[PDB]
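Chains B, F, D, H, G and A, in that order, give the protein sequences.
When the first sequence is numbered by the entry's author numbering, its final residue is 172 and no position is left out of the sequence of numbers.
When the second sequence is numbered by the entry's author numbering, its final residue is 172 and no position is left out of the sequence of numbers.
When the third sequence is numbered by the entry's author numbering, its final residue is 172 and no position is left out of the sequence of numbers.
Under the entry's author numbering, the residues of the fourth sequence are numbered 1 to 27, 27A to 27D, 28 to 103, in order.
Under the entry's author numbering, the residues of the fifth sequence are numbered 1 to 52, 52A, 53 to 82, 82A to 82C, 83 to 100, 100A to 100L, 101 to 113, in order.
When the sixth sequence is numbered by the entry's author numbering, its final residue is 326 and no position is left out of the sequence of numbers.
Where is the CB? At the ideal position from N, CA and C, for every residue including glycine.
For reference, the structure is listed below as structure tokens.
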Amino acid sequence: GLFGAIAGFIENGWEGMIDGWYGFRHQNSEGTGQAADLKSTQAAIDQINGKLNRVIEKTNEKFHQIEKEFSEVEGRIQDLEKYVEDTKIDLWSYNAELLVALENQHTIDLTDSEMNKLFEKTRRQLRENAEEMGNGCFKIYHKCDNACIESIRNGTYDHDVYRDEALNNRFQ
Amino acid sequence: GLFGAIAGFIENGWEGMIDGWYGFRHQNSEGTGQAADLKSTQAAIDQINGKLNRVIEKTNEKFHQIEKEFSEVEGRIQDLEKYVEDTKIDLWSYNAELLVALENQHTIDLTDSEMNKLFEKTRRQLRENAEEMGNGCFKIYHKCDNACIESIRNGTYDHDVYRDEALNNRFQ
Amino acid sequence: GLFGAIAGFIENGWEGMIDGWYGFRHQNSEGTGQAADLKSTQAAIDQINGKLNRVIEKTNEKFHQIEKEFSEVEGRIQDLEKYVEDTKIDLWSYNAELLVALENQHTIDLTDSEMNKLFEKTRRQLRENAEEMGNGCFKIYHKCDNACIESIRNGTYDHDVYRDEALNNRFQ
Amino acid sequence: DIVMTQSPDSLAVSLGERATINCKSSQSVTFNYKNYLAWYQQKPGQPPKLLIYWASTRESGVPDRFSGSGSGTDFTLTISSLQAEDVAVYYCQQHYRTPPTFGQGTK
Amino acid sequence: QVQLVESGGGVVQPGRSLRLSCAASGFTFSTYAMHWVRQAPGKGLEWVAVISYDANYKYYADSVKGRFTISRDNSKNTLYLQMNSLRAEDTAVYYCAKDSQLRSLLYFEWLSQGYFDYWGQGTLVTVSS
Amino acid sequence: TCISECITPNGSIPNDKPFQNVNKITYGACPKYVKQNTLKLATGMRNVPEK
Ligand SMILES: *[C@@H]1O[C@H](CO)[C@@H](O[C@@H]2O[C@H](CO)[C@@H](O)[C@H](O)[C@H]2NC(C)=O)[C@H](O)[C@H]1NC(C)=O
Ligand SMILES: *[C@@H]1O[C@H](CO)[C@@H](O[C@@H]2O[C@H](CO)[C@@H](O)[C@H](O)[C@H]2NC(C)=O)[C@H](O)[C@H]1NC(C)=O
Ligand SMILES: *[C@@H]1O[C@H](CO)[C@@H](O)[C@H](O)[C@H]1NC(C)=O
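What follows is the structure, given as structure tokens:
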């Protein structure tokens, strides 16, 4: 997007993630697995929602409309009756075409942004325990089982427990 | 917003900062105090200025406007006169409601950027001597007086002077 | 601009870069020099070329246009035929002035983003062997000769080969 | 699933005096500055009408004296003083996660 | 303002069926996600299921999941529920509520619903022979 | 016999959308007639699958 997570340093998206929009994949000692992140999913959907509702509270409840099809060739008044509609309809298209195209480029860049957000929530958890591989991947430098990384997923990770280990794996 | 500093990784905002829009709060050996960062409080106010100014000049000055209210029933020429204006009106109203909605979303996201901008200005100054806790707060890794806090905020910090002092506190 | 890369944290632009839009000037043992990063430069150009073509696909091929000048003073009907047109023009211009604005605002914000995107992509690739100088220059902490340098430019730079050298230059 | 207390269980107040129920959940119910939690009244044999919502807002068109508060997980109703038209069944309920999880029944 | 007159519920013996109904007057019906909500007398109040305004998202509470089939029509502003193979602790009255949230996009099983705004008149059901 | 706010000569349409392309004649709370017959809004992220 403008943030270059989605279709950026995040090589490509995940078709095997059916319970969520953004989420986690680990490999470790015990095995390997995947979970969705529910807040950042809900985050994104909750905007795209309101956005939609906003795009739609309009439908021209006005008001004695005028004749627009014709039985005769009449000249002057008829001409203006057509110019007036032909014009309106041109504008109201432009209006529509602009609307989707803005709405859409935003709707895209916004969800890209959320994937950044999750990524910065996670780096800041792993203060000096991890490093950014560069492809939306963290190398932790400490032994971390399926209960450990569950902490990370649910935001309950303490970084000082593991610090001493991780540091020594990294710098030594 | 998009950048997810305000209403984001920065829990909430300071209702008792009354000389600026963005700034710092310290806790050091000498106590506890606060200062606005001006440069950023200016550039955030300076776009909003332009933006407002841009939204405003603009006033429809023309030309022997047609009659708009009517004291008889006349059918067709009137039926058009009303529909011309009735239509125009709906256009401007949309034209308006879009502008405000657009502008704002942006006003909101640019003010967000400015914060995240000031966050990363600091980070780069304190090259190695601190670490982001993720609540919009650093943990400087040395002893720093009121003279050293105020030296950070006015651009004149010298990472190298407190370098050695910094690393021992982090790693050992 | 939104991201703070251009017109901001990168002091000013390189007037001697003619190969492309985004670049690498360096300094090492084998003198200095410049080189343009294309994967980026195209990226932007694409987006502009792209919106360029979105912006121009329309020419109002709409029917019989009424008379718009007038030879005699007539009254009600002539009056409505001017008001209709006057009003059309005023909107078309509002549209016209807003398009250029939103688009242009975006075009800037977009080129900014790409700079930042390059600068991130690079820093990641440099995992633990340099530090952000602050001004959008790095400090690679080993002896990287013109061979090695290009590796970093065109992606092939393997960080592990150096690390030992650079970890020691940084914290000893 | 997710779990809702109403502790203590049943109300036993007189006519013209304050009082308070207490609703507690397992997972927190605050997200993006909004507290997803709504109660209800059920005059036995009438389908329920809406009391509080989103934590502390009054109902569609409810009596003046009720109050509601709390954040996170530790919510608290507060009736001003028990009136004649106040002799019904009650619950607390969350809508942060499907399935929306109900309570047991406050007389 | 809002009305939600229901229909079509009585007794039917074990392992059997009936389709319920729910009229809806006084609000643009085809833009609001819709529910079914039940109680067994005296014991705890319980959630059945939901159906997005879309008509293309449906989710259930495990106790009836795999037996039931909820749906809706939008030219005739009404909501049903299709019940197949009724079990023991089912005996209960049913109630069609209105979701507060506007065009809630129910993209996944677990997403935040909105609070129950208004409530139908009623319908009587008892799995009994 | 049915319910529908918007009537065109072609016959009744739904006003759940914002924009109709059916007929430029209407009667009722009718979406705004436009020239296009399809304009799609994103309801999701950019889709980037494997090869
Ligand atoms: C988030 O996940 C953690 C770890 O998976 C959970 O923590 C509980 O308490 C200890 C403390 O680390 C763990 O070893 C157990 O796995 C958990 N036990 C119980 C009884 O819940 C916990 O479920 C979550 N954190 C919070 C604060 O609720
Ligand atoms: C910005 O503010 C700093 C922090 O207080 C100022 O620090 C003074 O700097 C000089 C040396 O440059 C010293 O004599 C003192 O330590 C400071 N004086 C006082 C009165 O505090 C400084 O004026 C500013 N920085 C620069 C580079 O001019
Ligand atoms: C980068 O270019 C130079 C030669 O100018 C060399 O280091 C290398 O072959 C190039 N790398 C790639 C991936 O093409």
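Listed in chain order, the beta strand (DSSP E) elements of length 3 or more contained wholly in the segment 22 to 74 of chain D are 23 to 27, 32 to 36. Inclusion of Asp86 of chain D and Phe3 of chain F in the CB contact set at 8 Å is not warranted, their separation being larger than that value.
Within chain H, the residues placing a beta-carbon under 8 Å from that of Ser100H of chain G are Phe27D, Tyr32, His91, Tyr92, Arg93, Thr94, ordered along the chain. By the Cβ rule, the segment 66 to 81 of chain H counts as touching the segment 17 to 26 of chain H, because three or more pairs are nearer than 8 Å. Excluding sequence positions up to five before and after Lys39 of chain H, its CB lies within less than 7 Å of the CB of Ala84, all in the same chain and listed in chain order.
Here the alpha carbon of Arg61 of chain H sits roughly 10 Å from the alpha carbon of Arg54 of chain H. By the Cβ criterion, the segment 37 to 56 of chain D is in contact with the segment 18 to 27 of chain D, since at least three pairs of Cβ atoms, one from each stretch, lie closer than 8 Å.
With at least 16 other beta carbons inside 10 angstroms of its own, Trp92 of chain B counts as buried.
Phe63 of chain D belongs to the set of residues whose beta carbon lies under 8 Å from a beta carbon in chain B.
Excluding sequence positions up to five before and after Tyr56 of chain G, its CB lies within less than 6 Å of the CB of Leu100B, all in the same chain and listed in chain order. Contact annotation: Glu128 of chain F and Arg124 of chain B have beta-carbon atoms that are not nearer than 8 Å. By the neighbour-count definition (other C-beta atoms within 10 Å, threshold 16), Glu11 of chain F is an exposed residue.
For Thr156 of chain D, the shortest separation between its Cβ and any heavy atom of ligand 3 lies below 7 Å.
According to the DSSP assignment, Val100 of chain F belongs to the alpha helix (DSSP H) that extends over 76 to 125.
For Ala33 of chain G, not one C-beta of chain H is nearer than 8 Å to its own C-beta. Using beta-carbon distances, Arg76 of chain D does not count as an interface residue toward chain B, since no partner is under 8 Å. Between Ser21 of chain G and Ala33 of chain G a beta carbon distance of about 18 Å is seen, past the 8 Å cut, so the two are scored as non-contacting.
Here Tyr157 of chain F is buried: its Cβ has 16 or more other Cβ atoms, across all protein chains shown, within 10 Å. For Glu11 of chain B, there are no neighbours in chain D by C-beta distance under 7 Å, as the nearest C-beta there is about 13 Å away. Under a criterion of Cβ atoms nearer than 7 Å, the residues of chain F adjacent to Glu81 of chain B are, in order, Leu80. Nearest Cα to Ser82B of chain G within the set G:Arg99, G:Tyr59, G:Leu18, G:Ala60: G:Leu18.
Here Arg38 of chain G carries a strand assignment [DSSP, helix/strand/coil].
Per DSSP, reduced to three states, the secondary structure at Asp158 of chain F is coil, with no helix or strand assignment. Inter-residue distance for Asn168 of chain F and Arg54 of chain D is about 57 Å (C-alpha atoms, whole angstroms). Inter-residue distance for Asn104 of chain D and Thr111 of chain D is about 11 Å (C-alpha atoms, whole angstroms).
Taking 8 Å as the cut-off, the beta carbon of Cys92 of chain G is found no closer than this to the beta carbon of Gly65 of chain G. The closest heavy atom of ligand 1 lies less than 7 Å from the beta carbon of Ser151 of chain B.
Note that the C-beta distance between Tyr92 of chain H and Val3 of chain H is not below 8 Å. Taken through DSSP and simplified to helix, strand or coil, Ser67 of chain H comes out as coil. Apart from sequence neighbours up to five positions away, the residues of its chain that approach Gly64 of chain H with a beta-carbon distance below 6 Å are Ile48, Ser52, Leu73, ordered along the chain. Taking a C-beta distance under 8 Å as the contact criterion, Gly136 of chain B and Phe24 of chain B do not qualify as a contact pair. Set against 7 Å, the gap from the CB of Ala147 of chain B to the closest heavy atom of ligand 1 is smaller.
Along the segment 118 to 135 of chain D, the positions whose C-beta sits under 8 Å from a C-beta of chain B are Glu120, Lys121, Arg124, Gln125, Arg127, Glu128, read in chain order. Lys326 of chain A is classed as exposed because its beta carbon has fewer than 16 other beta carbons within 10 Å across all chains shown.
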